[PDB]
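Each chain gets a letter, A, B and so on, in the order its sequence line appears, and its residues count up from 1. The figures here come from the full heavy-atom set of this structure, side chains too, leaving out hydrogens, waters and symmetry mates.
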Amino acid sequence: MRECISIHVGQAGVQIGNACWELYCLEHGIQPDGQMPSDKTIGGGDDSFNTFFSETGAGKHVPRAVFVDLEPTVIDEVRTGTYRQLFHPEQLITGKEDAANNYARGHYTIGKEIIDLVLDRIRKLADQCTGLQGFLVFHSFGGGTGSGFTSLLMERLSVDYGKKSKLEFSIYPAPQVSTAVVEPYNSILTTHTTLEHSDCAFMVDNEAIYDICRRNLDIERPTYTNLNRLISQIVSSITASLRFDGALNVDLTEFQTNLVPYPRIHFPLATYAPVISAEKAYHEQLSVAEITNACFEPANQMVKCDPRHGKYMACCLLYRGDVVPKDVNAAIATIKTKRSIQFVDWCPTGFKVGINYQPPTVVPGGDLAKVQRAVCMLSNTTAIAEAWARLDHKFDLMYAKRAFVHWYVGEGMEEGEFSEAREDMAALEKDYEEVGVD
Amino acid sequence: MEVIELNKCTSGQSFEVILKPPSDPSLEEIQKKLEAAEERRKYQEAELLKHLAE
Amino acid sequence: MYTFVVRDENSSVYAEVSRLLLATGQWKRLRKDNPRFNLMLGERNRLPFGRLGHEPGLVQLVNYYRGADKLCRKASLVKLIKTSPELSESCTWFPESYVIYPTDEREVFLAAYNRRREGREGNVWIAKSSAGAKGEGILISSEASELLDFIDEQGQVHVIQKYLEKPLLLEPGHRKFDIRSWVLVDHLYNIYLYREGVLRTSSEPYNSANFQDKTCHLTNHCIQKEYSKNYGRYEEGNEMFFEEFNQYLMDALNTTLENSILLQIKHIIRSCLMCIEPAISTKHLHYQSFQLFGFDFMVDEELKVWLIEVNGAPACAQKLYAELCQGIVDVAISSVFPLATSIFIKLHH
Amino acid sequence: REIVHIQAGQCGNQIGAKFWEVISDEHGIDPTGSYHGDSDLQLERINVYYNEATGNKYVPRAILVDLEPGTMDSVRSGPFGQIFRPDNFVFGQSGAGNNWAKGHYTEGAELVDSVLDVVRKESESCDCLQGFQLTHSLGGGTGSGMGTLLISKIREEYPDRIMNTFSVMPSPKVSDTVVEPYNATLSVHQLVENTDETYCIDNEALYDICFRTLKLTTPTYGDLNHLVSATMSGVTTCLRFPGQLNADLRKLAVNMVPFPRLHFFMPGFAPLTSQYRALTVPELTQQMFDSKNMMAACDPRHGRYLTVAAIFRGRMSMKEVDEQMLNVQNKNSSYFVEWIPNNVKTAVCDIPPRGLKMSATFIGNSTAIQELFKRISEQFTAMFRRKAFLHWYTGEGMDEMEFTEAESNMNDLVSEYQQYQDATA
Ligand SMILES: Nc1nc2c(ncn2[C@@H]2O[C@H](COP(=O)(O)OP(=O)(O)OP(=O)(O)O)[C@@H](O)[C@H]2O)c(=O)[nH]1
Ligand SMILES: Nc1ncnc2c1ncn2[C@@H]1O[C@H](COP(=O)(O)OP(=O)(O)CP(=O)(O)O)[C@@H](O)[C@H]1O
Ligand SMILES: Nc1nc2c(ncn2[C@@H]2O[C@H](COP(=O)(O)OP(=O)(O)O)[C@@H](O)[C@H]2O)c(=O)[nH]1
Ligand SMILES: [Ca+2]
Ligand SMILES: [Ca+2]
Ligand SMILES: [Ca+2]
Ligand SMILES: [Ca+2]
Ligand SMILES: [Mg+2]
Ligand SMILES: [Mg+2]
Ligand SMILES: [Mg+2]
């Protein structure tokens, strides 16, 4: 058994972390007080769920998680929430004032003053791991903390934990729910600085989640709570292999090995189905073929783009619920004859499939209906480069006038880091072109 | 289209389906950059305070 | 009201569409780089499809289908026809063609050529590439070696295609021609064939002897308007419209344009566009597409119709700009952005 | 995240007093500092503007400054006069005679250390000081000259804190003295350098609104100040109640100010009131963008919006809010610069202001504000080319060169705006 430490940075990272651990407790049968009746080894053990939960002699199951925000209002929710009893003070880290949506303020000005405290709290969790796998890092692209402090943390983690793997869950900025106008700056700066320190990053575009919530959950004006409970479902299906018995993606390394043949191109596209409104009492239950087919609908992707006009490097199907291999292969055979699914010439045209018999868990009283089977597809397609191109274009429009740049320089950042970061994204865009275009 | 590496456990199973075959900065360097940015902030504040003293 | 941007100032068709839209009082034009548009009249090259459909609250429509180049590039069309099961290894309406680079068919081509030589059948082929415009870069040869030599002397991928040695010749004049059909595909992937086509005719008589003279063989409007005398003696601008051509087919061949030719044209349009529909449909996309296509057809002396190429950014006949451009507004634009009989034939599928 | 409020001079104290009356009403605070509200949202961010004293009393974090006692005696006698901390009244006796030099260099110089003592005392009581807001006019002597002196001294002691002002611009239509253009031009230079955000409240616009829209034949400063307190409540709503957007002063400045000098905002409000009919979301959106609803006498159709913040208050369809905001951008698609993507941000607060079931406040960073500075610059030059009324200032130790420099800097500011009004992508 090898442990995984989750790190949640900034408002988005913290609030999504809160939703994920709520869902983990529902999935593993852990009550809000940390007790787990089904766990017969009191105060210890090396079960699959122990990869995410440690144990006290009193029988409490404690998340292997650290929460970090530069202002205390979001993390205080954790402290006074339903699952407050789960964590202890050492795991919650709040500062006095935030990065004001300013990458440079989160990375340089405030990051320098808090990084050693964060590492020390991380070191304490690591010291309880007999075989630490690595870290899962949740954060937004657009916030000053999520962008600026994360990138500093990732650099220091590569130093303090050279051999360990690091995975990201990153919230890509969407104007429909976005606060700041400088988020394209923060996104590019943090991607540039974090690129060589991340083994595999799952981008979630708030635009896509927002649209899924409006279209499938019939929520007129989705809130962060709506968005985060849907995101937590996707995160859960992605980390389930680390927390349950299985043979696919049982180690953080397996994510890189199965999804990332080229280190820089480490942003798999996630697609999830089915998303069904809980307000609908009766809903026709979708088959293996139908939910699998839905993995090739852009409307169900975590980032809106057209995989028909890209190339696949790797493709994983993660099913939860009443699924058997026979149905998966029958569905795949049909979908291949009907869909545009072109792999790069130097990769096998195939799918790694994992099935977990326990159906998805849904928060009681939430917006998602209980389904008998669901699937999350992780596909590394060049089509996700469309999301880099959009971001890079917004960056270019503002930077050509140096709009807002004085805010970053005023925190000690040099103007050259902008163009340096932008040139990195240009190379990234060219890497995707060279891999997926004829 | 063949299936391979079928692993079964009580909680589920996993396998692979093949349709067609194919054809870091140091700690000192980080502290350097952080202190460089802090010094640039200090220089700019010193200019402000000098301007205000004038 | 509705908003649109113009990013191909060189489009005769959409310059008129834009002009029509403004004259409606319900459309406003914005600067080329304003993202808050409802309609993009995009550029022919590098159209930024990946930036469409991400403006909150805007239904966005573009006048090109991403991926339609597969049909409108000479090399890609050959590859698409030979590999698409829907079009099969062999479909009877496209001339035997091969892609030759200076995934290469330089060998299978010579095989069929040698076979024809041994059969002493018509063994005339025409090499061409979508890199040459204005009749530049074509070579009609009876000898295969002359064809390949001409290819290697260039740097563009080329296709070699059997030359229709027995074309249908209009009379008087013993004159070759081709048919241009305009097809509009809307955001729902309805296929609308404009009721008015045009024949682009050769002014000089067809000479099956020497192919050196690239005039009586190439029916392109520019080659006739500059390289051939008597340009315009038979009809204005070497362009015959369907009423006259239909009347001719009746008088000369006791048949109609619909029966002898248009059935095959409609079949070929359907087959091509239905083939690529899974790959380019915007039915479940965050933005929608329509596109106007120019299909080019040959007719042989047996009244069999052959597809020659598909143009993705076609121009229009001067007499037909108004009607067709108005049709674009009604069928493709106003259908998505409503205001306050039919010139198209809907090809059901 | 505490804000420290400062009000200086006659205008600054009369407008500031009304501001505290209005928001004290919204947060449920009575004239004696006792809370008698009915919703927890009133108190969640009460600390931003109020200190808590024993007995669960709430004391405005407000400092009242003037060089004569008259107006501050009125405040202390006014409706909520007893709610202010008595130590926070700091005043002289000489007055400043509508003279920027007296406020900034002579009379004001003598009093400023006492003001900074009180400011330091409020700051020291803040768990995490967010910054300062100053209410003042630019046309007089104390608010203009001493107000900008205070901002400079505050910037010196608290260089890393945000400085925001509500600055009342003079107009010949609502004028006390001919020297107002001198005082305002001298002050604008200070503001260009030493504030992060300045709400430009134009007494010309306020008069026009009272006259043309509110149908007040003879507007008084009381009538104009009703518009200002309503506007100040609107623009501080996102600071005073739970919210995601422009939550604190620094995040707001980051989203509103693309270039450091261009931080002068045109505020707007709807509905304009001085009526029982419900106002629909479309009406709110159309009005708040209408030039007639702007508090600075500038036509937004004459320039372009760099950034816009819009705050909707009341219970309303947030879907309709997004729908109308996205709509109006298309009706004015050309008046938003295209090189700042998504530069219009919208916030909603369920608490409506007193007497309205819903309302909308508009905050625009528009290049059209250059019209306001051009107006001031012309009035300044008409007198300065003849050195008229200068002796009032040279008599206080000032030299003509200082006027020449202030005028140059404001013309630079105008040409800065014009530069970005012509800029395209
Ligand atoms: N999906 C989702 N997105 C969020 C959430 N909270 C914030 N965001 C998004 O994150 C971006 C803003 O970054 P934040 O995480 O709020 O900022 P921060 O990391 O706390 O850093 P600061 O600037 O110091 O506040 C915007 O694009 C928001 O839409 C959340 O709970 N769920
Ligand atoms: N296989 C063939 N057999 C007989 N004639 C042919 C032929 N291929 C081409 N032609 C003749 O050559 C002319 C030009 O060929 P092609 O269509 O490749 O050029 P092009 O791409 O310029 C057409 P357009 O002017 O519409 O763009 C055609 O109009 C036709 O008359
Ligand atoms: N809106 C408004 N403007 C005022 C008020 N009092 C004065 N003014 C304006 O402020 C300027 C006069 O400055 P004032 O504040 O009275 O002088 P000070 O005491 O030295 O700061 C002129 O432009 C007046 O029109 C007021 O109560 N409301
Ligand atoms: Ca145990
Ligand atoms: Ca590493
Ligand atoms: Ca004295
Ligand atoms: Ca002192
Ligand atoms: Mg935050
Ligand atoms: Mg062509
Ligand atoms: Mg006065």
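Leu129(D) is not listed as a side-chain neighbour of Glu122(D), based on a closest heavy-atom distance of 4.5 Å or more. Counting heavy atoms from C-beta outward, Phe265(D) and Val235(D) have side chains that stay 4.5 Å or more apart. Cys200(D) places a side-chain heavy atom less than 4.5 Å from the side chain of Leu372(D). The side-chain heavy atoms of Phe89(D) and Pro69(D), taken from C-beta on, include no pair separated by under 4.5 Å. A heavy-atom distance below 4.5 Å is found between the side chains of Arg61(D) and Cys126(D). Looking at heavy atoms from C-beta onward, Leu262(D) lies in side-chain contact with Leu413(D) at the 4.5 angstrom threshold. At least one side-chain heavy atom of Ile3(D) sits less than 4.5 Å from a side-chain heavy atom of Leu249(D). Residues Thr135(D) and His5(D) are in side-chain contact: their nearest non-hydrogen atoms beyond the backbone lie under 4.5 Å apart.
Listed for the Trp407(A) side chain is no donor-acceptor partner under 3.5 Å among the backbone atoms of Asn101(A). A donor-acceptor pair is defined here as one N or O able to donate and one able to accept, closer than 3.5 Å; no such pair exists between the side chain of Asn293(D) and the backbone of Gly268(D). Between the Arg45(D) side chain and the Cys238(D) main chain, a donor and an acceptor come within less than 3.5 Å of each other. A side-chain donor-acceptor contact under 3.5 Å links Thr236(D) to the backbone of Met232(D). Checking side-chain atoms of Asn365(D) against main-chain N and O of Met256(D) turns up a donor-acceptor pair under 3.5 Å. Under the 3.5 Å distance criterion, the side-chain polar atoms of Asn225(D) are left unmatched by any main-chain donor or acceptor of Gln14(D). No side-chain donor-acceptor contact under 3.5 Å links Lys345(D) to the backbone of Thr179(A). A donor-acceptor pair is defined here as one N or O able to donate and one able to accept, closer than 3.5 Å; no such pair exists between the side chain of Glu396(D) and the backbone of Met398(D). Without hydrogens or angle criteria, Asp176(D) side chain to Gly140(D) main chain gives no donor-acceptor distance under 3.5 Å. A donor-acceptor pair is defined here as one N or O able to donate and one able to accept, closer than 3.5 Å; such a pair exists between the side chain of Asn13(D) and the backbone of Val65(D).
The two atoms that bring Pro170(D) and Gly139(D) nearest to each other are CG-CA, 4.1 Å, heavy atoms only. Nearest heavy atoms, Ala17(D) versus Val75(D): CB-CG2, 3.9 Å. Nearest approach of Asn246(D) to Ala309(D), heavy atoms of both residues: ND2-CB, 3.6 Å. In this structure, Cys298(D) and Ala368(D) approach most closely via the heavy-atom pair CB-O, 3.5 Å.
Taking the ring centroids of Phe362(D) and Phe269(D), they lie at or beyond the 6.0 Å cut-off.
For the residue pair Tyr221(D) / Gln10(D), no side-chain donor-acceptor distance below 3.5 Å is found, with atom types taken as modelled. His226(D) and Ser274(D) are not linked by any side-chain donor-acceptor pair at a separation below 3.5 angstrom, with hydrogens and angles left out of the test. With hydrogens and angles left out, the side-chain atoms of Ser187(D) and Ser144(D) include a donor and acceptor closer than 3.5 Å. Between the side chains of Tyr182(D) and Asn98(D), not a single donor N or O lies within less than 3.5 Å of an accepting N or O.
Contacts of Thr71(D) classified as side-chain hydrogen bond (donor to acceptor under 3.5 Å, both in side chains), with partners at least two apart in sequence or in another chain: none. Under the side-chain hydrogen bond (donor to acceptor under 3.5 Å, both in side chains) criterion, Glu26(D) pairs with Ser233(D), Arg240(D), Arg313(D), not counting sequence neighbours. Residues that satisfy the side-chain contact (heavy atoms from CB on, under 4.5 Å) test with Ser74(D), not counting sequence neighbours, are absent from this structure. Applying the side-chain contact (heavy atoms from CB on, under 4.5 Å) criterion to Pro260(D), with sequence neighbours excluded, gives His406(A). Under the rule for a side-chain contact (heavy atoms from CB on, under 4.5 Å), the partners of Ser229(D) that lie at least two apart in sequence or sit in another chain are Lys18(D), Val22(D). For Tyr49(D), the side-chain hydrogen bond (donor to acceptor under 3.5 Å, both in side chains) partners two or more places apart in sequence, or in a different chain, are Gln133(D). Applying the side-chain contact (heavy atoms from CB on, under 4.5 Å) rule to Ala109(D) yields no partners; only residues at least two apart in sequence or on another chain are considered. Checked against side-chain hydrogen bond (donor to acceptor under 3.5 Å, both in side chains), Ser152(D) has no partners two or more places apart in sequence or in another chain.
Between the OH atom in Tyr207(D) and the OG1 atom in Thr220(D) there is a gap of 11.0 Å [rounded to 0.5 Å]. Atom CZ of residue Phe132(D) and atom OG1 of residue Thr165(D) lie 14.0 Å apart, to the nearest 0.5 angstrom.
Each salt bridge (charged side-chain N to carboxylate O under 4.0 Å, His left out) pair with one or both residues in residues 179-208 of chain D, not counting sequence neighbours, appears once here: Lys173(D)-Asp208(D), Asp202(D)-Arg375(D), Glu204(D)-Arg375(D), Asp208(D)-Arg212(D). For residues 153-169 of chain D, the salt bridge (charged side-chain N to carboxylate O under 4.0 Å, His left out) pairs, not counting sequence neighbours, are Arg120(D)-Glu157(D). Every pair tested for salt bridge (charged side-chain N to carboxylate O under 4.0 Å, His left out) that includes a residue from residues 92-115 of chain D fails, sequence neighbours excluded, so the list is empty. Every pair passing salt bridge (charged side-chain N to carboxylate O under 4.0 Å, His left out) that includes a residue from residues 347-358 of chain D is listed here, sequence neighbours excluded: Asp25(D)-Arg354(D).
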Candidate pair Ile209(D) and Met295(D), rule side chain to side chain contact (heavy atoms under 4.5 Å, CB included), full reasoning | CA-CA 8 Å; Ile209(D) 292 167; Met295(D) 308 285 157; 4.2 Å; yes

Starting from the C-alpha separation in whole Å, work towards a yes-or-no answer on side-chain hydrogen bond (donor to acceptor under 3.5 Å, both in side chains) for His104(D) and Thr148(D).
-> CA-CA 7 Å; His104(D) 200 87; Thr148(D) 55; 3.2 Å; yes

Assess whether side-chain hydrogen bond (donor to acceptor under 3.5 Å, both in side chains) is satisfied between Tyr393(D) and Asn183(D), documenting all intermediate values.
-> CA-CA 10 Å; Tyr393(D) 300 78; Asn183(D) 299 327; 2.7 Å; yes

Go through the steps to decide whether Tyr224(A) and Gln11(A) satisfy the test side-chain hydrogen bond (donor to acceptor under 3.5 Å, both in side chains), and finish with yes or no.
-> CA-CA 11 Å; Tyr224(A) 279 140; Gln11(A) 180 174 114; 4.9 Å; no

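Note on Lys96(A) versus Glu113(A): no salt bridge recorded, every NZ/NE/NH1/NH2 to OD/OE distance being 4.0 Å or above. Classification of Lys251(D) and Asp98(A) as a salt-bridged pair holds, one side-chain N sitting under 4.0 Å from a carboxylate O. Ionic pairing of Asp87(D) and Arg85(D) is present here: one or more N-O contacts between side-chain nitrogen and carboxylate oxygen are shorter than 4.0 angstrom.
Using cut-offs of 30° and 60° on the angle between ring planes, the pair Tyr35(D) and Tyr58(D) is perpendicular. Ring geometry for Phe166(D) versus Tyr199(D): interplanar angle under 30°, hence parallel rather than tilted (30 to 60°).
For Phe211(D), the CZ atom counts as loosely surrounded, since its 6.0 Å shell holds 12 or fewer non-hydrogen atoms of other residues, nucleotides or ligands.
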